[PDB]
Each structure stands twice: as structure tokens, then as C-alpha cells.
Number of protein chains: 4
Amino acid sequence: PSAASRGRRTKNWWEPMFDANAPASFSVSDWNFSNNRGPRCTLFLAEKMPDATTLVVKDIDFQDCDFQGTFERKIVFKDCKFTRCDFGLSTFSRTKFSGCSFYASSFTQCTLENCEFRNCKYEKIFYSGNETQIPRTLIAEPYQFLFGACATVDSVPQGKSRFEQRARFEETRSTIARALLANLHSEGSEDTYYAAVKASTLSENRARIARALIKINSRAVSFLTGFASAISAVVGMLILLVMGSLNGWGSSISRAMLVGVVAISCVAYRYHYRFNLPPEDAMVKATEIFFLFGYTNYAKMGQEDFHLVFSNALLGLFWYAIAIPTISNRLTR
Amino acid sequence: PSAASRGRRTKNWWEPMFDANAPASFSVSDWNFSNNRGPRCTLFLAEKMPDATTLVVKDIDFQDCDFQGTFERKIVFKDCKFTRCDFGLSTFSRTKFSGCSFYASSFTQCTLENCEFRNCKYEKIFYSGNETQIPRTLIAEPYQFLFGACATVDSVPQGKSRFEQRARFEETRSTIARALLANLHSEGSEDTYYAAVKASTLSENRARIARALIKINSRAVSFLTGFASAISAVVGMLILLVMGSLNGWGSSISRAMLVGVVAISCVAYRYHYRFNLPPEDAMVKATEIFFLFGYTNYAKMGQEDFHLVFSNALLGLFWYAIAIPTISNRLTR
Amino acid sequence: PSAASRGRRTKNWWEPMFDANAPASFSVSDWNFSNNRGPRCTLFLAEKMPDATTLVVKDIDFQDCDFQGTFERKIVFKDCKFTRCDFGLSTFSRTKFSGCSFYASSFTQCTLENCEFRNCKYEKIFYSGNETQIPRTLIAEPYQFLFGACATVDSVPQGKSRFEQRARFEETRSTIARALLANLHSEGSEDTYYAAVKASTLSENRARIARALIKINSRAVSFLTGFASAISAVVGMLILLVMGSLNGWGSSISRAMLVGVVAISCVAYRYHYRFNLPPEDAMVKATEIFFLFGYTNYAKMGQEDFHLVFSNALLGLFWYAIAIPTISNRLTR
Amino acid sequence: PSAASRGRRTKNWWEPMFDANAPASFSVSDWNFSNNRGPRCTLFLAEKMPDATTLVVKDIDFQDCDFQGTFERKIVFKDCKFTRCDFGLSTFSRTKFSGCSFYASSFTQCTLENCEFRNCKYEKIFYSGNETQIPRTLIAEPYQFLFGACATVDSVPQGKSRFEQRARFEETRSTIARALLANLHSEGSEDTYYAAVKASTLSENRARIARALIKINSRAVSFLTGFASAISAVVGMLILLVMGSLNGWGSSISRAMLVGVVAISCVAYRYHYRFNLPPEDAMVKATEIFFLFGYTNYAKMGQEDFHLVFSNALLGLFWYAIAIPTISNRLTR
DNA sequence: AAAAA
DNA sequence: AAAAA
DNA sequence: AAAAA
DNA sequence: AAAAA
């Protein structure tokens, strides 16, 4: 049995598996992997999988394969390889991808209902912010999934440009990251959740940068607004990266306590080395100005240590901004 | 085939498509758009759409048309025009409105399950806070959808008044905005979410104003309470508008940092111009009073700069109120 | 046709409609209300309602009636009266109660899927924290629904006591209020949501008081712990009531601003009347100590106004605790 | 009728009921408990339960029993005992476990849709973070369920180690606790929710400790990083335990107020005893330094009470960190 | 909100 | 985003 | 997590 | 909470 090659592969030039020279026909699989461990140019229909309560597919190297239909029955893909595979036009229910590798494969126009991706590798994968639906899905490695995807730009036709494709893919990734995080609120390990928070913050700021770059490329008012937007996105990248690196992205109060103690110790050492204060109260002055409740007792304009005191207060204010949300997260769920 | 014209069009005077002189009969469509690009006075039944996995409806100008039934099969409306169209008494599942224009069309008594409205224009549309159900719907342009709707008041009968209709539509829009935001928590781009936050805050405050105006119009205790409620809603409009304009409605920490820096710079310039302070520590005094930790070192009642110092402290307090929730939002998801 | 009277009515002495002398048989309704506007001792089965897409039941006075089955078809109850009615053993889907009155009626062992109660009156109704399921339900008047319910205690058998029944009903109401609030996050008007917040806070604290009273009634260590728990619940009742009355239960920043301004004005008037300070800077001292950033400039132990200054600072601290969550709610959704 | 013993019992050595010497065959139950109150080595299929709207199973002592299938019909287990029972390969819908005891029983590969566990005892139970699905489940005793589970280690084969099994079970419990909390947001009593918050915080920190211990056991850079991670997890355990014990894990503002008042009173008593300050303003100095707004009026480096004042300020700062989230929780839902 | 496949 | 079982 | 109606 | 289509 054979079936027509899909327009997603042969016409949609934005797709990772796009091949204008793809064969007109694909073999229709009977889902028998005993004879061939690597299927090629094959269509895997949900109506043709064997009658089983759980189908375990193990160590199969898929290349240039298509999936189609409503996969209601449970499937376990164990250490499978997908290369230029199209999962589009399919609805998987409770499908488990365990240790699988995805290369140049597309998840656009796909529904993954209550599925799981665990210990998977992604490179040059593709998804859609609205047409890659992941209801109750568990992506155990959110950062690798999100940033293992990238827009394919070698088949961009004339009249369209590479840069807009990439910079709109940034927003696409931001949107799907929002969806993935909302999934992970119910589900997954703490580490998976916090990796997802990291990924979604980074993707949101990258999308802001990309949209500002678009507005710049595309009248002087628009150029000024795009430049200001780009600077603003750059600045928010920097601050958010510093804060999340310093507090584990809202996970660990202990790390924030430790950076606070390190900063206080450094300021106290500077007090002791430069202004001849004994350590046992240079530490006290440092923690007194750091937490800002004892600032006015030591700050006097025109004094030698005034700039140092003001810097210590600013460090304390930044540390407050870092530390308060960690406590809020650990105490409010 | 023909069907009776619906009471929603011929009797419900609150509906946008209400026409007491509407024809008694509507033509029943066979959903063939090859011959006629604009259908008129036509009923589109979900039971009569052609057998297709996805029906693409492109460049069709609907006017005075009704939809009815359970549209389970996927429909894509591409650049269609709906004028005085009734979507009521229908349940659409995974319907995509792409680039469509809605004029004087009603979404009351409608269910939109997992639907999408993208790049759409709305004007004089109508919806219901409880009978326009949008489960998992994605409205890509929340502000335009919400504020493109307005109560129809030309057919209000005697004994009812225009003002109450409009001012209860304000609360209606607030309720549906709440629903739309709850949808967008799972879904959509960051920009769509933040536009929805803007729209729902504005709609909530407009509904408060409208209900206060009703309580005024409808005994001296009630008038006093309505007037106080109206002033309170006005005041909350003003503060919420200022704060959300100043922080991107809880989106961008960088903008709040920039307004803080601008305010500090202005106060420091005033210090330098008026009280002869060098810039390199007029800036320091300004940031010292702005963040409030160095207020008492410079504030003295009866001094020339005392009012300026007090204003700088008040500006800093407002800036704290502006900036803290932005950090909370960017660090807590 | 006739059916056996249910054990919920004749045996379950905790139910509001409990009647040990109830007739052995109930008439089985054919759902024809044209002849009789008030049905009595009648069983309304979901399998026997007439074939209709939406059944409108208007101005029907139900008394001692039972409902049973899966009411999949839409029902609209318009201005109906339910007296000692059992909705138990039923699953209603998209049922609308509009302007209905419930007296001594039970919602235990009932599922209300996507239902709506609007403009309804409740008195002596009954529900269960776990067996009254309200998935996606909209209760437009949460406070009246929750506090219109109360445990029936006249049929408590020997060996059980009235007090435990009532004080465990307090926890029951708290649990169902939690469920109702979680519903209203997606849905309903702002006013309904904030009334639900009020109701659920009050119910949680009443349940704490009731459980402490139980632990007291039911060894000296247990009595001490119950007494301490009761005092703690009393104290949290008081503070939560004051804060929510002062800020609209987290709704309106303007009201909190206004109580802040009133308190500052009162303290400033006291300054001006007692310590001879001109108003134009008694106001400034009051706002300087209220926001706590200028406290140490005016506070000196042993001074005449020291107690007043300390009170002004305490008022400011309480006002901070009142006002910060209102800003958080209005800026973070 | 008889059926083959499942590989979960005879092969999966990580399961609590694992018995390599289990009989090859299990009796297939007809679900008649009138004759035998304790079934042994019996398979309970969902297809073979008697035709009933609600099946009440009361006072049945199950031992070495298996459940299998889609239990769509409602089941009430009342005071039943499960010993080495496998609920795996089953999907229960609206199953109520009331007063049941679970010993060495497994919930892996199980779906519990809208189920309820009330007044149950758990010891040596087993579950999976991803394969124990609890959609809309209500676990009335979250702490006992979560910490009544533990990895079975006596059947660990050669080449695998006990320690890794236990320390990965810690993360497993953390993940399922996250799921249980997300369930309890919609549902259950306040006490159940707050017990779940306690359990999930403790489990998250235990999992952090366990993963750090793994990274230590499994090059000097990795050892240093594991040791630092272990110290960080220890520290966060300590702080989170202190804060949640001091504020009821975000439940009760009154308890936080009371610890604040106790600390202030202790510091004031120390002032009065050591530095001869009258009580009526030793209390005022204590509350003035505790809330930090009056710190600089009393703090002077080199004074006798300077260390005490600094300690009082630190106590106040910790109390702020304790108390603010309680107010946030009680005012923001 | 009403209306009512 | 597009596409379209 | 594994396992696999 | 109990109860039990």
C-alpha cells in the first residue's frame, strides 16, 4: 500500500523536513519492525497500528517518515531516532517518548494530549505557538526542547527574508514556552518547572529583542521606538539574568542568603582594610547598611567612606529585590 | 430549502442584528461558495456542511446570516466578512477566524471551544458575560474584541432607558474580559496576555463607574453612596492608568527603572540649579531620598529644600509601588 | 406511575428535608406543568423530561420533590420555588436557576456541571464539602448561598450532639466556599468574585473557631490548646475583617488611599490642636511619620508628642499591611 | 476462572508487593464478599464487578490482590484493608476510600480520576511521579499519604545500589506532592491544603538533599558542587521549617503576630532588666527597633546596648520575612 | 442578563 | 503564523 | 523512572 | 462526612 506525499513536506518551505524533491509516494506501514529497524519514506497511520493495549516501539531509527491520525492507543517510543519526521496532522494520547532523539522534525499541526517526553534530545526541531497543542503534556527537559528548535531559512522564497523568519520564530518559541510552563504548574519535578521558568523568561526577552529589531529594520519615529524597545529588552535581559542566576530563578532562598552574606563580607573587608575598622564591627556596619535600617547613622556627604556606604546601600536594595520573591515563592504556592 | 427566521433576530431588541422587519424565512445553505461569494439572509447549519476534515472558507462576505448547531468539524474562516451575523445557538469546536471582519454581529448564546481569532477586526459586536462561553479560546487581540463591542440602544422599548443598557453592558464586558484573561493564562503570546490585562483592568474600572452612575440615577443616602463610589472608581482609574502606563501593565522592569532614573535625574537637576549642589552628589542626594533609606539625613522642617526633599520622597514611594509588582511578575509566574 | 421514597428523605436525619413520616411512595412526574403549578411529593426523573433542546420551567412551586438522573438536556428554572426538595442523586449539565427560591433543600450527592444560579434566594439549604460537586458552576451570590445553609439539628439521635453537628457544618461550608472561589477565578463578575473572597475568608475563620470549640469541649493540654486556637481564630477574624473592610477585600486601591488620607488628616489635626503646629506642615509631619521614612526626625523618647508620633507610625505600618496587597492584586492577575 | 500473575508482582523488583515466588495463577473474583471476607491471591477485574450504580465494599481484608481495568462505576471502599495489593493497570473513576488501610501496596501505573481518600492509613505504599496520575483526586491526609511511602530496597539486584533507589524515591515523592497540591488548590479543606503545602515543601527540600548526596557519591569539582548543594539544601530546610512553624505554613496571621509580640516582649524585658529602662517605654523601644522604623534613634556603635539593639533589628527583619507572606496569602487568593 | 440549537 | 488528518 | 490493562 | 442515581 502507498499514499500521497504530504504538502507539509513538499510545499511548506518553512518546515524542517521540507523537500521539494521528495518522492510523490510514501509506503504505508503495517507497523512491523521485526524485519526493518529503520523505516524510510513511510507513512504511519493511527488506523493501522496493531491491536494492543500498549505498543512498545524500541530502537527504531525513523527517517523521512510521516505520522497521521488519532493515536488513541498508548505508544511507548523507547530510544527511537526521528530524522526529518513529520508528526503533523496527528493527535497522540498518552504517548511516552523515552530516550528518543529528534532531528529536523516538526511538531506543527500536532496535538499531544497527556504525553511525556523524557531524556530526549532535540536539534533543529520545529513547532507552532498555536498549532502545536500540548494539553497536559510533560516535557521533562523544557530548555532543550524550546532552544533545540529553530526556523528553517534555506528555503525562504524571494520577496521574503531570512531575518523576519528567525525573529518571528523567537516569538513563536516564547508562546509555546508559556504553554509549557502552564502545563508544568500541575506536573513534573521542581527542577523541570524551574528550568521551564528560566526558558520562558529567556524566550520572552529574546522575542522582545527580535520584535524591536524588526521594528528597526522596517519613519524616524518608528526607528527611535524600535531602538528604545531594543535597549529596553537588552536591559531587562541583563537584570533578569542576574537576578535569576543569583536566586536560582526563584527556587532557593539559601543561594540568595549566601550572595547577601558574600556581598556584606566584601563590604566589611573593604571597611576594615581601608578605614581601619575592627572586623567584629566592620561586619556590623556592613550588615547595618546592607539591610538599610542603619543607613543614616553612617552616611554623611563629604566623608571618605560616603561613596562606599552608598554603594553598600545600593547592593542591599538590589539584594532585597533578589531575595523577597524567593521567600514569596517558597511560602506562597 | 428554507427555515424560519430566528427570534434572536426578530424579537430580541438588545441584539446588534435585531430587525423587526426581517423576512419570515431564511434560505438554508448547502455551503457551496463557488457560485456566490456573498450569501444573504441564509442559515448555515452544522449538520449541512460538506464532509471534510478541515473546511477552508475564504473571502466570503456574509450579511444577515445565521449559524446553528454543533460545528464539530474544523472550519477555517480566511479573510471573511460578517455583517449583522448571528453566531448564536451554535457550538464551534476548533474554529479558526483568520483575518476576518465582524460588524454588528452577535456572539451571545454561543460556545467557542478551543477556537482562535487572529488578526480580526471588530466593530459593534455583541456578547454576553455568561452566555458567550469561550473555553480554551484564543482571542489574539483582546482589547479590540472587548472594546469593539457596544450595547445596541436604538431599539430599546418604552419603559426601559438607554443609559441602563449601556452601563450594564460595561459590567458585561468586564465579566467577559475576566473570562478572556483566564483563558490567556494558559495560552497566547506575552503581548496578547498583557493587552488582555490592560483591557480587563480598564473594563473593571469602567464597570465600577457605570454602576456608580446607575446608583446615582436611581434616598439621599443612596445618592451620596453612588457619588462616593463614582469618585472612588474615577480615582482608581487614574492611579491604575498611571501605574500601568509607567510599568507596561506589569510587563517590563526596564521601563520602571527608566522612569525612576528620569525622576531622580529631574530632582537632582533641580537640586543643582536651585541650591547650588554639584551634579556628582546632587544625583546622590536624589537617589538617596528617592529610595527613602537616606531621607532623614537631608529632611529638616523649615529648610529651603524641605518641600523638594518631601516631594522626592513621595516620588520614590510611588515608584516603589510601581516597580515592586513588575519584579514580582517577572520572578513569580 | 409511582416510585419508592428515597432513604435520603426518610433515613438521613442530617438532611434538611428529612421526614421519618414521609409517604412510602412518590408520584413519578411526566413533567407537564400546564395542569398543576405546584407539584407535591413528586419524583422528577431525568429520563422522563420531554424531548426538548431547552426546557423552560417557569413559576413552578416545588414542595417535597425529588430529582434523580443525568439531566444532560438544558433546563431553565425561572422564578421557581423549591421547598424541602432533594436535588441529590442527580447530575445537572448547564442548568440555569434564574430568580429561584430554595428553602430547606439539599444539594448533597449532587453534581452541577457548568450550571448557573442567578438572583436566587437561599434559606436553610444544605450541601456537602465533598459530595456537592460544582465543576465550572457559577453561583452569582456566593455569600447568600454559603451562609444561607445550616445544619439541621432537630433530628439528631441520642448519643450525638447538636454542637458537633453545627461546628462541623462550619468546616463543611469553608470547604465548599474554597471550591466556589476556585470556580469564580475563571468566571463571573468582579463583584461576585470579591463577595466569594469575603465569604471564604469568613467561613475559614468560623471553621477555625468551631474546631477550637470542639477541641475545648472534648486532658488539660488539649483544653489549653483548644483555648489558644480559639483565641487565635478570634484574633484572625478581627484583623481580617478590619483589613478587608478597609480595602474592599483586596478590590479597591482608592478606598485604602482614602483611609490612609483620613488617618493622616486626623493625626495632623491632633498635632495642630495640641502642639500648636500650623496645618500646612502638621499635614507634612503626619504624612512623614505615616509612611515611616521620616520617623526618626520627629521621634524622641520623653517628649510630649512622642506617644502620638509612635501611634502615627503604628497606624502607618497597619496601613502598609492594608494597602500593599490591593496594589498587588490590581497589578498582578 | 484463573488468570496469569502479573509481571508487576513477579518481575518488577522495585514494587512493594514484589514476590519472585508468587504463584503463577491468580483466582478471578466474581466480587461476591458474602462468603469470604478476606480474598487472597485474587484478581479483581473492572469488567466483572456486579451491575450496580454504587458498589459499597465494606470490611474486606484484601491481601496479595490485583486490580485491573477501567472502573467506571462508582465504588465505595469502607474500612477495607489492602496488604501487598496492586492497583496498577487500572483507571478508577470517582472511587471513595473511606477509613481504609494500605500496607505495602502500589499505586504505580494507576489513574485515580476524581477519587477520594479519607481517614486512611498508609505504610510502605508506593507510587510513581509520572505514572500515578491523580486528576481531580482528593487525598484528605496529604502528609500521611506522601510520607507513608518508601522505596523497597531488599530486592535490588547486583550492580544497582540501595542508596540511589531511596534518594531517587525522594524526588519521586516531591513530584507527586506537587501534583497533589495542584489538585488541592480547587478542592478539600483548608487544613488539608496547608498540610499538603507542608508536605510538598519538606519533600522538595528532602529531594534536594538526596540529589546532592547522589552527586557527592558519584571529579573534585563535582564533589565540591555536591557538597555545596547539600549545605544549601540543609540551610533551606532549616529556614523553611522555622518560618512555616512560626506562621502555620502561610495560614495564620495571628500566630505570626504572637511570635512578634513574644520576641518584642523578650527584648523589652532584657532592656528593663539590664539597662534600667522602665517597662512602659522599654516596650516602646523594643517595638520601635523591631519594626525598624526607629532603629537609628537608638543604635550607636560602641554603646553597651548596641549589640542588643542590632539583634532586635535582626529579629524584626526575620519577623517581616515571616509575616508578610501570611498577610499576602490571607488577602490574595 | 435577557435569549433558548 | 502559515498549514489543514 | 522503570512498568505497559 | 455521613449518603449511594
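Letters go in sequence order (proteins before strands), and every chain restarts at 1. FYI, side chains are in, hydrogens and waters are out, and symmetry mates aren't considered; it's all heavy atoms of this structure.
- Using a 4.0 Å heavy-atom criterion, one finds that A:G129 contacts the sugar-phosphate atoms exclusively.
- Relative orientation of the D:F107 and D:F117 rings is perpendicular, given thresholds of 30° and 60° on the angle between their planes.
- Remark: the backbone N or O of A:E72 is not paired with any side-chain donor or acceptor of A:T70 at under 3.5 angstrom.
- Using a 30° and 60° split on the angle between ring planes, D:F169 and D:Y127 fall in the parallel class, below 30°.
- Atom CD of A:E131 sits about 9.5 Å away from atom CG of A:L89, to the nearest 0.5 Å.
- Put simply, CZ on B:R173 is 12 Å from P on E:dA1, counting in whole angstrom units.
- Residue D:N130 places none of its side-chain N or O atoms closer than 4.0 Å to OP1 or OP2 of G:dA3.
- Residue B:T91 places a side-chain atom within donor-acceptor reach of the base of E:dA5, judged by atom type and a 3.5 Å distance cut-off alone.
- Here H:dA4 presents its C1' atom at 11 Å from CH2 of C:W14, a figure rounded to the nearest Å.
- Closest approach to the C:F126 side chain among E:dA4, H:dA2, G:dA1 is made by H:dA2 (side chain taken as heavy atoms from C-beta onward).
- At E:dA5, one or more side-chain N or O atoms of C:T54 fall inside 4.0 Å of OP1 or OP2 (strictly under the cut-off).
- A donor-acceptor contact under 3.5 Å is formed by the side chain of D:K96 with the base of H:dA4.
- Using a 4.0 Å heavy-atom cutoff across all strands shown, D:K74 reaches at least one base atom of the nucleic acid.
- Taking the six-membered ring where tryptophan is involved, the planes of C:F87 and C:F97 are perpendicular, since the angle between them exceeds 60° and thus also 30°.
- Using a 4.0 Å heavy-atom criterion, one finds that D:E164 contacts no nucleic acid atom at all.
- Here H:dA2 presents its P atom at 14 Å from CZ of C:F169, a figure rounded to the nearest Å.
- Residue contacts for B:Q109: at a heavy-atom cut-off of 4.0 Å it reaches a base atom on one of the strands shown.
- A straight line from CZ of A:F87 to P of F:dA4 spans 19 Å, rounded to a whole angstrom.
- Checking H:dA4, G:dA5, E:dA2 against the side-chain heavy atoms of C:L89 singles out H:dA4 as nearest.
- D:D79 places its CG atom 12 Å from the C1' atom of H:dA2, with the value rounded to the nearest Å.
- Rounded to whole Å, atom P of F:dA2 lies 16 Å from atom OH of A:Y127.
- Among the nucleotides H:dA5, H:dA1, E:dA2, the one closest to any side-chain atom of D:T53 is H:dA5.
- Closest-nucleotide positions on DNA chain G for D:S90 and A:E116 were compared, and the one nearer the 5' end corresponds to A:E116.
- As a whole-Å value, the separation of C:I176 CD1 from H:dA1 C1' is 13 Å.
- Two residues, C:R168 and D:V76, neighbour DNA chain H, and the one matched to the more 5' nucleotide by heavy-atom proximity is C:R168.
- Checking the phosphate oxygens (OP1, OP2) of H:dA3, no side-chain nitrogen or oxygen of C:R8 falls inside 4.0 Å.
- Here C:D86 pairs with C:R6 in a salt bridge; the nearest charged N to carboxylate O distance falls below 4.0 Å.
- If you measure from atom CZ of A:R118 to atom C1' of G:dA2, you get 10 Å, rounded to the nearest angstrom.
- Here F:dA1 is the nucleotide among H:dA4, F:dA1, H:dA3 with the atom lying nearest to any side-chain atom of A:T172.
- Nearest nucleotide to the D:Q165 side chain, out of G:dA3, G:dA2, F:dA2: G:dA2.
- With distances taken from any side-chain atom of D:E131 to the nucleotides G:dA3, E:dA2, H:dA5, the minimum falls on G:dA3.
- Base contact: B:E15 has a heavy atom under 4.0 Å from a base atom.
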